[PDB]
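Q: Just passing along the structure, written as structure tokens.
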Amino acid sequence: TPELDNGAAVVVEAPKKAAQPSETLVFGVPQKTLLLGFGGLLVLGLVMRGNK
Amino acid sequence: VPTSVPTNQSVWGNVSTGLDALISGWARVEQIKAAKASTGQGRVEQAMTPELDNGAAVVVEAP
Amino acid sequence: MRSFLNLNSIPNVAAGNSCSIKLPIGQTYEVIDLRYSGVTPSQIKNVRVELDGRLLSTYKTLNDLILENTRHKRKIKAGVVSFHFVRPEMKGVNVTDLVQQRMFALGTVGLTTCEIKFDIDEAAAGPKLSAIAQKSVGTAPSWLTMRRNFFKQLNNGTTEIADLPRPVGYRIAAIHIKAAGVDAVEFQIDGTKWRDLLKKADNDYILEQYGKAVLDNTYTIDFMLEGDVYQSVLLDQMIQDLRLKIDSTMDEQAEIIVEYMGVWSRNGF
Amino acid sequence: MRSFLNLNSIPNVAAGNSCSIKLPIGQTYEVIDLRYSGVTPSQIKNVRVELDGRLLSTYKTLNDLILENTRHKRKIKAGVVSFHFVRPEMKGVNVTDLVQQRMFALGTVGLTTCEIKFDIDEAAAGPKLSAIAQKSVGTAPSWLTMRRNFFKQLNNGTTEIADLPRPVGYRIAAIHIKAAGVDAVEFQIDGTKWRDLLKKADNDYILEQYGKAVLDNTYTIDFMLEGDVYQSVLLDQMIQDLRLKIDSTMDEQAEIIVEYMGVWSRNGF
Amino acid sequence: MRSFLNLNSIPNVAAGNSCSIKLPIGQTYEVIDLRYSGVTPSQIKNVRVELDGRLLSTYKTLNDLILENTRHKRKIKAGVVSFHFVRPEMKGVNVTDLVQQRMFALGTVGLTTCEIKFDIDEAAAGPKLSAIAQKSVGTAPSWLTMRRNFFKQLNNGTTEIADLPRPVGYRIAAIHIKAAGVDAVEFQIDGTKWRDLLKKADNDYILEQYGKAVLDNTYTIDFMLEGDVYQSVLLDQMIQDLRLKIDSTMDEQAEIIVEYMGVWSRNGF
Amino acid sequence: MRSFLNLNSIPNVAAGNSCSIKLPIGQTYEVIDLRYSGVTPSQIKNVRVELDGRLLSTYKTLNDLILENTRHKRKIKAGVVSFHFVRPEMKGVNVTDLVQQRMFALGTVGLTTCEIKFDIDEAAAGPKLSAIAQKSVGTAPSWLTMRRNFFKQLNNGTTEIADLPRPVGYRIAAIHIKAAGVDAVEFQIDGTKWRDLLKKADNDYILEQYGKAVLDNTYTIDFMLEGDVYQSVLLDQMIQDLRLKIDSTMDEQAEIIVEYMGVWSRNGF
Ligand SMILES: [Ca+2]
Ligand SMILES: [Ca+2]
Ligand SMILES: [Ca+2]
Ligand SMILES: [Ca+2]
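Residue numbers (my numbering), protein chains in the order written: chain E, 24 to 75; chain L, 9 to 71; chain F, 40 to 308; chain W, 40 to 308; chain R, 40 to 308; chain S, 40 to 308.
Structure follows, in structure tokens:
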């Protein structure tokens with residue numbers, strides 16, 4: 024550690040946190056993706072009933 | 009093995025092991041400096057660099 | 040292409056003042072020409088070259104820098120004294136002479152501060168100091184010359200100095216014994232006598248034989264007479280004894296100057 | 040909202056010293072008010088505005104900045120001299136006047152260093168300098184005014200100056216011929232006479248006609264009399280001849296001031 | 040092995056006569072020793088070294104060749120003046136010093152004519168001239184030193200010279216300003232100040248610092264102080280400004296000597 | 040690292056005595072400093088450097104060794120004369136200068152005896168001789184300088200000397216004609232005139248041109264003026280004629296000194 028009159032400062036405001044916007048989007052896309060899964064599992068379940 | 013003894017020693021250690029490996033590196037960087045100096049683009053690159061004190065910054069507000 | 044710059048004005052140049060030559064970081068300093076007037080070189084005391092606040096080289100007075108240059112027979116001019124970082128006397132063994140000489144330049148890349156501090160004597164008539172820099176492309180501090188000061192008592196008879204710092208990996212270019220009554224000196228490492236008890240007249244003859252100038256009241260042990268860096272003393276981490284046997288005729292305190300060499304390190308010598 | 044800040048203290052303000060006003064990077068500097076005392080504006084020599092170590096504008100002395108402001112009839116106050124980066128006289132053609140004026144502000148975004156260097160004369164009584172900054176949101180250096188200095192010998196009869204730098208893409212706001220014996224001047228580009236051989240009295244009348252003040256021993260060729268930036272000389276790469284025909288009555292050395300304009304580039308003019 | 044030959048007798052050596060030293064083609068001329076008597080070096084005017092009828096180097100008088108050698112501290116003897124094609128001061132960076140020095144030798148292979156023309160002044164007492172050649176194996180003209188003459192007027196104040204020829208691919212070893220009232224000079228390329236406004240005393244100190252001799256009424260800008268050819272100015276095509284700022288104290292006409300360098304071409308500089 | 044040793048005392052140093060400097064075998068002798076007093080260099084006759092009982096170099100008197108060093112402008116000091124085995128003037132072409140210079144060092148590896156014999160004149164006041172050795176790591180005798188002595192009658196007019204020994208594979212660094220009336224000399228090999236009939240003044244000018252000192256009553260034919268070993272005469276087995284044409288003005292006995300060079304062989308030259 025030395026002593027000089029040369030410094031590189033950076034004093035500035037900084038944001039914190041974020042809730043709701045990423046959620047709403049990341050709840051819309053997987054719910055649809057899951058719903059497509061149920062539709063696929065249902066048709067596979069229903070076709071097994073046809074083979075009885 | 010080290011040993012203490014007077015008189016001019018018959019055989020001496022003429023080894024410059026790790027120092028030569030460094031010295032070659034200094035010789036290599038000299039060729040890099042010469043490679044820049046051989047072209048006009050090398051001189052223009054050095055013109056961009058100054059020698060000054062450190063720089064500070066500061067900002068606030070919502071854009 | 041090199042750049043010759045008129046360094047910024049030296050702040051507060053006055054008698055009894057403590058001034059400093061703050062060098063801008065970024066490039067390489069090969070030589071620094073310091074012009075002086077209204078003051079003697081001996082009136083410019085405690086000259087210290089500092090890199091990042093740490094000591095690199097030290098001169099009791101600016102006159103020691105004049106003598107350092109005189110010894111190598113470098114151009115000496117009244118009113119000016121230069122700091123030769125690049126060693127013009129260097130000769131290459133596996134590289135060109137130019138590479139071996141420039142390898143000592145004061146690179147500043149990665150440095151936070153580069154300073155040349157000194158104190159102006161109170162008796163100074165009307166001190167006036169300015170500096171000019173002969174620079175080149177930026178490089179790390181790397182290989183640098185580190186002039187160190189040591190004070191030891193010499194007897195009338197035989198004195199032995201074996202407590203000289205032995206920084207590992209570093210080298211010793213030369214040793215200068217500043218005393219008025221030194222007749223002969225002997226240098227040995229681990230019992231091996233690399234320099235027999237050579238009489239001053241004989242030692243001084245070899246020095247001059249290599250284009251060097253003999254300094255008054257000084258016994259110089261040049262380990263780089265040929266200009267070959269590999270001829271210098273390599274401070275091997277295995278050396279058990281680094282001794283100096285001085286045959287004096289006077290009982291005085293000698294100023295031992297040791298020119299060390301090595302790759303500059305932020306936490307090194 | 041703008042911010043008015045009391046800039047950090049100027050280091051080492053003394054006679055014969057070389058000082059600098061280091062500006063913090065991040066925001067935009069519209070105006071810089073420099074307060075001075077114990078020294079004359081003419082005693083503040085070699086004023087250089089540097090961006091990243093490169094020269095932007097140059098003033099032989101601080102008095103030239105006072106005259107620059109006086110010419111536009113800007114507020115002049117003894118003990119203070121301002122650096123007007125934002126040009127208050129600008130008028131918009133396809134944009135608002137405010138946009139055209141603020142466009143010249145000294146943005147610092149992307150910069151590494153912003154400095155205002157100068158030398159304090161040795162005769163300075165007791166120099167005292169401080170600075171205040173009128174800043175605004177950060178912007179790139181962008182469109183800036185580049186004041187350049189040129190010296191040419193003027194004859195008694197007719198002299199022609201056609202070797203003025205013509206940086207491509209840049210513009211010329213005005214040209215100031217500093218000489219005491221200039222009777223008339225003519226300006227032409229590629230044979231085209233944009234400014235007939237106008238007598239000083241006639242040229243000075245047009246200048247005053249646009250709210251400008253005539254400077255002593257100066258022949259000003261204002262290419263932005265209306266405040267319209269698009270009236271200035273556009274240095275096209277195809278221009279073959281940019282000539283100035285000066286009719287003098289004296290044999291003297293003239294200081295030619297050229298106010299260039301263009302988007303600042305780290306490797307440009 | 041080198042060959043030392045007594046060149047053929049110089050035809051028609053008389054006062055007011057125009058003589059020539061026609062060199063036989065085939066080998067390489069490292070040095071040409073010209074013995075003179077009954078005439079002064081200043082009485083041997085317009086010395087031109089021509090290869091195939093094209094001018095290579097020019098000397099206003101033979102005295103300029105004496106000064107050229109004196110500057111490098113080469114052996115000077117009254118009654119004899121040598122043409123040093125091989126540059127003894129050269130130092131190798133990636134090649135040996137010998138290779139770097141011999142590379143400047145005057146090879147004649149592929150040449151049709153090699154001449155050294157000059158005019159004998161009418162006042163010549165009783166001119167007597169003979170020449171000796173220090174030759175070596177034949178080589179193409181290749182890398183040669185091209186001394187060029189330029190005359191420019193200087194003012195009392197500042198004079199700027201930016202119209203110096205910039206042959207593409209060529210280099211500039213040095214620039215010699217022959218004037219009696221030059222105080223300081225500044226050299227820059229594209230705004231970049233490679234040589235700050237250095238005072239004569241300071242510039243001359245650096246010159247002597249490198250084993251050079253300062254010439255009377257001359258301001259030398261040596262770009263090869265270290266002997267390194269790659270430190271010289273590389274006339275790169277993209278260069279937009281090669282300027283010289285001279286601070287004089289007298290109003291006179293200066294003789295600007297420019298030492299160019301490059302691979303000799305049938306259709307080159 | 041080199042070692043500086045105070046050689047063992049020289050046995051029986053007295054007037055009219057035949058002494059010898061017996062060198063210990065094992066290492067390499069770069070330089071041998073011989074201190075003398077109570078006797079003149081001319082009083083130390085028949086100096087012979089012998090390797091294994093065979094003659095390597097010969098000096099009529101120690102004064103010839105002083106002149107040998109003076110010619111190369113080596114450091115000369117009264118009371119001391121050095122034997123420079125390592126040639127400091129050597130310059131490398133495909134190797135470093137240091138390698139080319141050190142290559143001449145007197146290696147002793149494989150040797151049975153290394154001696155420096157000489158006779159002390161009877162007129163010697165009070166002879167006192169001591170020696171110091173500058174040594175380095177051991178090497179075979181290898182490449183060595185072999186100074187040979189020859190005496191020939193020189194006529195007033197023209198004399199030719201073609202009976203000089205031509206040991207195969209060896210080289211000739213230089214030839215020194217010791218006579219007071221030599222005007223010009225010509226050197227040729229197989230009809231080829233490598234050195235035209237050069238006048239003494241012209242030959243001496245070239246010598247000085249390369250940093251050499253002209254010896255009194257001597258005509259030196261330096262084949263290594265540049266320091267390049269490959270410029271020396273290579274004694275090829277096919278050479279049919281090695282001739283010297285001397286133009287004298289006196290009828291006298293000349294001492295011809297021939298500096299041979301080659302890899303030392305126990306059964307060679
Ligand atoms: Ca370094
Ligand atoms: Ca802007
Ligand atoms: Ca050539
Ligand atoms: Ca050898």
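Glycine included, each C-beta is placed from N, C-alpha and C at the ideal position.
Roughly how many angstroms separate the alpha carbons of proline 25(E) and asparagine 47(F), rounded to a whole number?
A: In the first sequence, counting from the first residue as 1, residue 25(E) sits at position 2. In the third sequence, counting from the first residue as 1, residue 47(F) sits at position 8. Those two C-alpha atoms are separated by around 22 Å.
Q: Is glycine 65(S) close to chain L? Criterion is C-beta to C-beta, closer than 7 Å.
A: What you label residue 65(S) is simply residue 26 of the sixth sequence in a count that begins at 1. Closer than 7 Å to some Cβ of chain L, the Cβ of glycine 65(S) qualifies, so yes.
Q: Is DSSP giving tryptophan 34(L) helix, strand or coil here?
A: For this step, residue 34(L) is matched to residue 26 along the second sequence. It is helical.
Q: Compare the C-beta of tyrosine 269(F) with all C-beta atoms of chain L and state if any pair is closer than 7 Å.
A: In the third sequence, counting from the first residue as 1, residue 269(F) sits at position 230. Judged by the 7 Å Cβ criterion, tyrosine 269(F) is in contact with chain L.
Q: Among residues of its own chain, excluding the 5 on either side of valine 125(W), which ones have a beta-carbon nearer than 7 Å to its beta-carbon?
A: Taking the first residue of the fourth sequence as position 1, residue 125(W) is located at position 86. Hits under 7 Å: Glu69, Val70, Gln140, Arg141, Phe143, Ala144.
Q: Of the residues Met289(R), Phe308(R), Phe226(R), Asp280(R), which one's Cα is nearest the Cα of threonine 259(R)?
A: The residue labelled residue 259(R) in the question sits at position 220 within the fifth sequence. Per the Cα distances, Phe226(R).
Q: When you compare the CB of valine 272(F) with every CB in chain R, is at least one pair closer than 7 Å?
A: Numbered from its first residue, the third sequence carries residue 272(F) at position 233. Taking Cβ atoms only, chain R never reaches closer than 7 Å to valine 272(F), which makes this a no.
Q: Is any heavy atom of ligand 1 found at a distance shorter than 6 Å from the C-beta of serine 181(F)?
A: Against the third sequence, residue 181(F) aligns to sequence position 142. Yes.
Q: Can you give the beta carbon distance from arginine 41(W) to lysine 174(W), rounded, assuming they're within the 8 Å contact cut?
A: By 1-based counting over the fourth sequence, the position of residue 41(W) is 2. By 1-based counting over the fourth sequence, the position of residue 174(W) is 135. Going by Cβ atoms, the distance from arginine 41(W) to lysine 174(W) rounds to 7 Å, so yes, they are a contact pair.
Q: Tell me whether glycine 131(F), by its Cβ, gets closer than 6 Å to a heavy atom of ligand 6.
A: Because ligand 6 does not appear in the structure shown, any question about it cannot be addressed here, the ligands present being ligand 1, ligand 2, ligand 3 and ligand 4.
Q: Mind reading off the beta-carbon distance from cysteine 153(S) to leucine 62(S)? Whole number of angstroms is fine, and I expect it under 8 Å.
A: Mapped onto the sixth sequence, residue 153(S) falls at position 114. Mapped onto the sixth sequence, residue 62(S) falls at position 23. About 4 Å separates the two Cβ atoms, so the contact holds.
Q: With a threshold of 7 Å between beta carbons, is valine 138(F) in contact with chain L?
A: In the third sequence, the residue the question calls residue 138(F) occupies position 99. At least one chain L Cβ lies under 7 Å of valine 138(F).
Q: Counting only Cβ-Cβ distances shorter than 8 Å, please list the residues of the stretch 51 to 64 of chain L near chain R, keeping chain order.
A: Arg51, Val52, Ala55
Q: Under a three-way DSSP split, which group does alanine 223(R) fall into?
A: Against the fifth sequence, residue 223(R) aligns to sequence position 184. Residue state, collapsed to three classes: strand.
Q: From the DSSP secondary-structure annotation, give me the bridge partner or partners of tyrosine 269(F).
A: One-based indexing of the third sequence puts residue 269(F) at position 230. Partner(s): none; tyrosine 269(F) has no beta bridge.
Q: Tell me whether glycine 92(F) sits in a helix, a strand or coil according to DSSP, three-state version.
A: For the purposes of this step, residue 92(F) is identified with residue 53 of the third sequence, where counting begins at 1. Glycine 92(F): coil per DSSP, three-state reduction.
Q: Scan the stretch 233 to 246 of chain F for residues whose Cβ lies nearer than 7 Å to a Cβ of chain L and list them as they occur along the chain.
A: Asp235
Q: Report the residue from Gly131(F), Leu203(F), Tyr209(F), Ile228(F) whose alpha carbon sits nearest the alpha carbon of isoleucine 216(F).
A: The residue given as residue 216(F) occupies position 177 in the third sequence. Comparing Cα positions, the closest option is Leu203(F).
Q: Quick one: give me the first and last residue of the beta strand (DSSP E) that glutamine 276(R) is part of.
A: Counting from 1 along the fifth sequence, the entry for residue 276(R) is found at position 237. Unbroken run through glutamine 276(R): none, as it is neither H nor E.
Q: As an exercise, report each continuous beta strand (DSSP E) stretch of at least 3 residues that is fully enclosed by the stretch 96 to 154 of chain R, in chain order.
A: 119 to 123
Q: Count the other CB atoms, across all protein chains shown, that sit within 10 Å of the CB of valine 134(F); report buried if there are 16 or more and exposed otherwise.
A: The residue you call residue 134(F) lines up with position 95 of the third sequence. Looking at its Cβ environment, which holds 16 or more other Cβ atoms inside 10 Å, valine 134(F) is buried.
Q: Report the three-state DSSP secondary structure of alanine 240(S) (helix, strand or coil).
A: Taking the sixth sequence and counting its residues from 1, one reaches residue 240(S) at position 201. Of the three classes helix, strand and coil, the one that applies to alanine 240(S) here is helix, per DSSP.
Q: Please name the residue in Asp267(W), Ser76(W), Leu264(W), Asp280(W) whose C-alpha comes closest to that of residue 19(W).
A: The structure shown has nothing for residue 19(W), since chain W only spans 40 to 308.
Q: Would you decide whether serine 304(S) is buried or exposed? Buried here means 16 or more other CB atoms lie within 10 Å of its CB.
A: By one-based count along the sixth sequence, residue 304(S) stands at place 265. With fewer than 16 other Cβ atoms within 10 Å, it is exposed.
Q: Is there contact between the stretch 173 to 193 of chain R and the stretch 289 to 301 of chain R, where contact requires at least three CB pairs shorter than 8 Å?
A: yes
Q: At the level of alpha carbons, what is the spacing between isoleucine 155(F) and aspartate 235(R)?
A: By 1-based counting over the third sequence, the position of residue 155(F) is 116. By 1-based counting over the fifth sequence, the position of residue 235(R) is 196. Going from the Cα of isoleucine 155(F) to the Cα of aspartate 235(R) covers about 21 Å.
Q: With a threshold of 7 Å on Cβ separation, who are the neighbours of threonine 288(W) within its own chain once the five nearest residues in sequence on each side are excluded?
A: In the fourth sequence, residue 288(W) corresponds to position 249, counting from 1. Excluding residues within five positions, the ones whose Cβ falls inside 7 Å are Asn195, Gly220, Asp222.
Q: Return the residues of the stretch 46 to 71 of chain W that lie within a Cβ-Cβ distance of less than 9 Å from chain F, sorted by chain order.
A: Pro50, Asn51, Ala53, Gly55, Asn56, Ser57, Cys58, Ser59
Q: Measure the CB-CB distance between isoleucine 285(R) and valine 224(R) and report whether it falls below 7 Å.
A: Translated into positions along the fifth sequence, residue 285(R) becomes position 246. Translated into positions along the fifth sequence, residue 224(R) becomes position 185. Yes, they are a contact pair.
Q: Do you know offhand how far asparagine 102(F)'s Cα is from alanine 252(F)'s?
A: Looking up residue 102(F) in the third sequence gives position 63. Looking up residue 252(F) in the third sequence gives position 213. If I take the Cα positions, the gap works out to 15 Å.
Q: Verify whether the separation of the beta carbon atoms of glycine 146(R) and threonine 178(R) is less than 7 Å.
A: As a position in the fifth sequence, residue 146(R) is number 107, starting the count at 1. As a position in the fifth sequence, residue 178(R) is number 139, starting the count at 1. For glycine 146(R) and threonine 178(R), yes; Cβs fall inside 7 Å.
Q: Who are the neighbours of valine 33(E) on chain L, taking C-beta pairs under 8 Å?
A: Residue numbering aside, residue 33(E) sits at position 10 when the first sequence is read from its first letter. Correct list: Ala64, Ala65, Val66.
Q: So what's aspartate 28(L) in DSSP terms, helix, strand or just coil?
A: Taking the second sequence and counting its residues from 1, one reaches residue 28(L) at position 20. Helix, per DSSP.
Q: Assign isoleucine 245(W) to one of three DSSP states: helix, strand, or coil.
A: One-based indexing of the fourth sequence puts residue 245(W) at position 206. Three-state DSSP puts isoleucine 245(W) in a helix.
Q: Within the 7 Å Cβ cut-off, does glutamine 39(L) reach chain R?
A: Taking the second sequence and counting its residues from 1, the one referred to as residue 39(L) is at position 31. Interface residue, yes.
Q: Could you check if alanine 252(F) belongs to the surroundings of ligand 1, using beta carbon to heavy atom distance under 6 Å?
A: Counting from 1 along the third sequence, the entry for residue 252(F) is found at position 213. Not under cutoff, so the answer is no.
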